[PDB]
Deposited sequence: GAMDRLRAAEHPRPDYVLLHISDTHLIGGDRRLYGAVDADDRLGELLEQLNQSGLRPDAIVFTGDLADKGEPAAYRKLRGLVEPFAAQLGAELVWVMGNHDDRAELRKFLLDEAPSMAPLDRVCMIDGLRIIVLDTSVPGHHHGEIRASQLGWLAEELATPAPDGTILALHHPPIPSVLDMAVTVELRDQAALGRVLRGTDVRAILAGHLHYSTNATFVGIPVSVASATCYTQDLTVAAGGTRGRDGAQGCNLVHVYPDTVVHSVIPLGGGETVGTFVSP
C-alpha cells in the first residue's frame, strides 16, 4: 500500500557527541532511499539554546532536506531559546513569542505548537495559543492535521518526568476534541512512547543524542521506530 504522506519524526538532538549522533542518523536515512514529504524535529534542538548550535544544526539538516525536496518543520523544546532559534535557524527577527505556525503539505495540515516556557523545563500552553489553535482547527484540512509539539499530553510513567511534564492538559484537550487532528507528534521523554489523548494518537520519538517514520494512510497513521 502507498501512503498519502511520509514524514520523518526526529527529536531531542541537544546540539551544543550529538553532532556525530545526528550526522550518523542523516547519513543512514540518506542511504535508505526514503523520500519524506516533511522532516519534523519535535524540540530540544539545542541543549543550551546556543546560536552556534543552531548554526550547526541548520548546516547539517538543510542540505539533507533540500536533497530530498522535503519540508523542514522545526519545533521549540524546553532546552531551546525562542529568540536565538528564530535568528539562527529560521532567519526571522528575534522574538520571545511562542513558536506557533501552520504548514500545509498538499492537503495535510501540520500545526507546530510551542509548549516551552522560557527559562523553565516544564510545559505550558498559554490562553493566546489555545485561541489561535481553536480558530485554526475550525476549518478542516483535506487530509486532516498532524499536531507537532514538544511536551506530550500523556501521563508521566516516571517520577522524574512529572516535574517537567506538560501542565493543564485539560484545556488543550477541550480544544482538540472533535477536530481533524489525526496524530500528535512529541518528544521530551527521550524514549519511544505512544498513547492517546482525548482519543487522538500521540507518538513520542526517542532522542538522537534513533527516530520515527510516519506513514499517513487515508484511514490511519502508522508510526515506526527506527533505531
Deposited-sequence ranges lacking C-alpha coordinates, in sequence order: 1-11, 28-37, 231-249, 268-280
